[PDB]
Engineer: 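Before I ask anything, here is the structure I am working with.
Scope of the values below: all heavy atoms of this structure, side chains included, with no hydrogens, waters or symmetry mates. A note on names: the letters A, B, ... follow the listed sequences, proteins ahead of strands, and every chain is numbered from 1.
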Amino acid sequence: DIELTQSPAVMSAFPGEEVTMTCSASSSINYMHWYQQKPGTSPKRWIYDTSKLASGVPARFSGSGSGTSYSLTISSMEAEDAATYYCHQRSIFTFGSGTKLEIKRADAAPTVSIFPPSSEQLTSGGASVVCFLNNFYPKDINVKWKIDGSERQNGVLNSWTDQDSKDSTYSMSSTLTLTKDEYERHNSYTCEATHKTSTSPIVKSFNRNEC
Amino acid sequence: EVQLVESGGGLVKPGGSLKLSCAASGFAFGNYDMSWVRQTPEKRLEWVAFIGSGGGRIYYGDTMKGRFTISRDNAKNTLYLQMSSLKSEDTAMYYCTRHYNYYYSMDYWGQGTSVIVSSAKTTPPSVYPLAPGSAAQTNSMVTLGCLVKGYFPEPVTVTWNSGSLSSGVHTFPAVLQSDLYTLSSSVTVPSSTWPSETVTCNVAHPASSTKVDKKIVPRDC
Ligand SMILES: C[C@]12C=CC(=O)C=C1CC[C@@H]1[C@@H]2[C@@H](O)C[C@@]2(C)[C@H]1CC[C@]2(O)C(=O)CO
């Protein structure tokens, strides 16, 4: 069969830059289509028949290519252009895996806060310690948990938001889930964020034996 | 004008069956070839089935293996997909689409209907208030939260003060934990306003018909 690969998987750019992404076919085909998708909504026809713009698509966009190689190009990119773009063609079962275009902005350190397990959760026999890292840039950030002075790595789950549609920052939660008995065996809980904005981490902590 | 509106998706045990429908409006439905496209949890898009305008020409995607049947009723402006012997790998959002010309771009898409194939059962969430407690903050702002734990299937919808606190809110994508979903939501308000002004998270889980409010109250230390 014929299969599609897209490059790059993820890219980011400031508004005003030129953007190019590529779609490659394992064997020659023609009349490539491109679909735009944003979080929570359906794919949308964007370019079709290799180079025709769909209705509502600005002339900053163009498609081109032939044979085994195709591309979508954006001049003077705008914030609303941020999306995942997928290629597809009439003899292809699986769409290309998509290029996710993200918005570059000024670096920002996270606002960090930590929360002890609630008494209601303890009553049921679980204990989640929740740490929020809000409104930071870029997306790459490292979170480290220390329990009574020693690094802890099991039972941590992290979840990032999509890039924020108004200020282009990212937020993320880091949650340490323990049993109530495991939580009750230790006292000092620390959440540390290490981000490229500073060589020294941002630290929030609490002692279980307070409050 | 043109509308494509899917339905019939839901939770189904492995080996089970389901029928999806797509209601069409605003165009001469019988002049157009139609398709089903699905998007997997990994965001991968797969062409499932295609039907010609007359219903006499049909194609299926590679991994379907005869378990899918596309059909249409041009009199009722409805497209169908019958799915049987369902597998874990059939979990996806299923989209109704319309074709433009004979290079087969898809010029209109429906809103999608979600199909989830597993043995897990519908389960309501536990909701817990996140007050600073022994981690009390000291800025001009304070951040509070709600922990939503142990529900199935997705989604839940989280609001703060019935939607009147909308800025300063981050609701994080849910993750599987012991094969049930968990998420947290944070809200940030001026520290002069809490606790003098109440802050409450509103959690709705439609699949279980559950709705709960958790007031964020300072902990009794
Ligand atoms: C254009 C096409 C071929 C000729 C035709 O009269 C109508 C179509 C539309 C459906 C396309 C089909 C083939 O190309 C094979 C496809 C891609 C099928 C959709 C699934 C498909 O059966 C497949 O995925 C095979 O790999």
Side-chain angles (χ1 to χ4, degrees), chain A residues 4-25 29 31-65 69-90 92-104 161-166 168, chain B residues 1-4 6 35-48 92-101 103-112 114:
Chain A
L4 287 196
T5 70
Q6 285 185 254
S7 175
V10 183
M11 51 189 316
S12 66
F14 284 97
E17 299 197 73
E18 183 92 1
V19 168
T20 310
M21 67 203 58
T22 302
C23 177
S24 301
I29 55 183
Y31 294 112
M32 182 77 71
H33 315 308
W34 294 82
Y35 297 93
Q36 182 203 73
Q37 189 178 31
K38 302 191 178 190
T41 46
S42 309
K44 199 184 288 212
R45 191 174 68 152
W46 211 244
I47 301 179
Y48 63 95
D49 301 351
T50 298
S51 70
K52 281 134 154 203
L53 291 202
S55 165
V57 175
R60 300 181 294 103
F61 288 88
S62 54
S64 62
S69 211
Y70 290 81
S71 69
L72 174 156
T73 290
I74 318 176
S75 71
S76 194
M77 182 270 279
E78 296 188 14
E80 175 89 347
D81 301 341
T84 300
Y85 297 85
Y86 300 99
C87 59
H88 181 245
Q89 195 264 359
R90 71 185 174 280
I92 309 295
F93 168 52
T94 306
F95 294 34
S97 60
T99 290
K100 184 174 200 185
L101 169 61
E102 292 185 294
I103 306 183
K104 218 172 283 277
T161 60
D162 297 322
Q163 196 166 32
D164 176 302
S165 82
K166 188 202 239 144
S168 297
Chain B
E1 193 62 280
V2 164
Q3 315 276 21
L4 301 170
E6 294 92 338
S35 278
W36 290 94
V37 181
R38 76 186 181 185
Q39 187 163 45
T40 69
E42 280 80 307
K43 313 312 245 151
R44 179 161 92 291
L45 281 151
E46 286 175 342
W47 200 350
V48 170
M93 189 59 70
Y94 285 75
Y95 292 107
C96 186
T97 68
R98 192 191 85 167
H99 288 285
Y100 178 59
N101 63 26
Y103 297 118
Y104 297 95
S105 69
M106 293 161 199
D107 63 349
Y108 285 95
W109 296 58
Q111 99 269 6
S114 175

Engineer: Heavy atoms only: give me the nearest B:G112-B:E6 pair and the separation to one decimal.
Structural biologist: N-OE1, 2.9 Å
Engineer: Quick one: CG on A:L4 to OG on A:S97, what's the gap to the nearest 0.5 Å?
Structural biologist: 9.5 Å
Engineer: Closest heavy-atom contact between A:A82 and A:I103?
Structural biologist: CB-CG1, 3.7 Å
Engineer: Could you tell me the separation between the OG atom of A:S42 and the OH atom of B:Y108, rounded to the nearest 0.5 Å?
Structural biologist: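 One gets 13.5 Å once the value is rounded to the nearest 0.5 Å.
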Engineer: Please name all residues satisfying side-chain hydrogen bond (donor to acceptor under 3.5 Å, both in side chains) with A:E102, sequence neighbours left out, ordered by chain then number.
Structural biologist: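 With neighbours one apart ignored, the set is A:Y170.
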Engineer: Taking all heavy atoms of A:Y35 and all of A:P43, pick out the closest pair and write down the distance.
Structural biologist: CB-CB, 4.4 Å
Engineer: Side chains of residues 8-25 of chain A: which donor-acceptor pairs under 3.5 Å do they make with residues two or more places apart or in other chains?
Structural biologist:
from: A:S12; atom 1: OG; to: A:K104; atom 2: NZ; distance (Å): 2.7
from: A:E17; atom 1: OE2; to: A:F14; atom 2: N; distance (Å): 2.9

Engineer: Listed by chain and number, what are the ring-ring contact (aromatic ring centres under 6.0 Å, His included) partners of B:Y95, not counting sequence neighbours?
Structural biologist: B:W109
Engineer: side-chain contact (heavy atoms from CB on, under 4.5 Å) for A:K100 and A:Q6? Distances and angles first, verdict last.
Structural biologist: CA-CA 10 Å; A:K100 184 174 200 185; A:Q6 285 185 254; over 6 Å; no
Engineer: Specify the closest pair of heavy atoms between A:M32 and A:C87, including all atoms of both residues, with the distance to one decimal.
Structural biologist: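 Closest heavy-atom pair between A:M32 and A:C87: SD-CB, 3.9 Å.
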Engineer: For residues A:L53 and A:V57, report the shortest heavy-atom separation together with the two atoms involved.
Structural biologist: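 That closest heavy-atom pairing would be CD1-O, 3.6 Å.
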Engineer: With distance as the sole test, does A:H88 use its side chain to make a donor-acceptor pair with the main-chain N or O of A:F95 at under 3.5 Å?
Structural biologist: no
Engineer: In chain order, what residues pass the ring-ring contact (aromatic ring centres under 6.0 Å, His included) check against A:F61, with sequence neighbours excluded?
Structural biologist: A:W46
Engineer: Who pairs with A:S64 by side-chain contact (heavy atoms from CB on, under 4.5 Å), at least two apart in sequence or on another chain?
Structural biologist: A:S71
Engineer: Who pairs with B:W47 by side-chain hydrogen bond (donor to acceptor under 3.5 Å, both in side chains), at least two apart in sequence or on another chain?
Structural biologist: B:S35
Engineer: Closer than 3.5 angstrom, by distance alone: can the side chain of A:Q89 be matched with the main-chain N or O of A:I29 as a donor-acceptor pair?
Structural biologist: no
Engineer: Applying side-chain hydrogen bond (donor to acceptor under 3.5 Å, both in side chains), can you list everything that pairs with B:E46, at least two apart in sequence or on another chain?
Structural biologist: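 Checked B:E46 against side-chain hydrogen bond (donor to acceptor under 3.5 Å, both in side chains); matches are B:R38, B:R44.
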Engineer: Please enumerate all residues that pass salt bridge (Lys or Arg N to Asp or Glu O under 4.0 Å) together with A:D164, with sequence neighbours excluded.
Structural biologist: none
Engineer: Looking at A:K44, is its backbone amide N or carbonyl O close enough to the side chain of A:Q36 to form a donor-acceptor pair, meaning the two atoms are under 3.5 Å apart?
Structural biologist: no
Engineer: Do any N or O atoms from the side chain of B:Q39 and from the backbone of B:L45 form a donor-acceptor pair under 3.5 angstrom?
Structural biologist: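 Such a contact is absent between B:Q39 side chain and B:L45 backbone.
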Engineer: Taking only residues two or more places apart in sequence, or in another chain, which ones meet B:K43 in a salt bridge (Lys or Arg N to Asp or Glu O under 4.0 Å)?
Structural biologist: none
Engineer: For A:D49, enumerate each residue passing the side-chain contact (heavy atoms from CB on, under 4.5 Å) test, keeping only those at least two apart in sequence or located in another chain.
Structural biologist: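 A:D49 satisfies side-chain contact (heavy atoms from CB on, under 4.5 Å) with A:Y31, A:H33, A:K52, B:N101, B:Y103 only.
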Engineer: Which pair of heavy atoms, one from B:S105 and one from A:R45, lies closest together, and at what distance?
Structural biologist: OG-NH1, 3.1 Å
Engineer: In chain order, what residues pass the side-chain hydrogen bond (donor to acceptor under 3.5 Å, both in side chains) check against A:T41, with sequence neighbours excluded?
Structural biologist: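 side-chain hydrogen bond (donor to acceptor under 3.5 Å, both in side chains) check on A:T41 returns nothing, list empty.
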Engineer: Please step through side-chain contact (heavy atoms from CB on, under 4.5 Å) for the pair B:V37 and B:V48, ending with a clear verdict.
Structural biologist: CA-CA 5 Å; B:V37 181; B:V48 170; over 6 Å; no
Engineer: Does A:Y48 have any ring-ring contact (aromatic ring centres under 6.0 Å, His included) partners at least two apart in sequence or in another chain, and if so, which?
Structural biologist: B:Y100
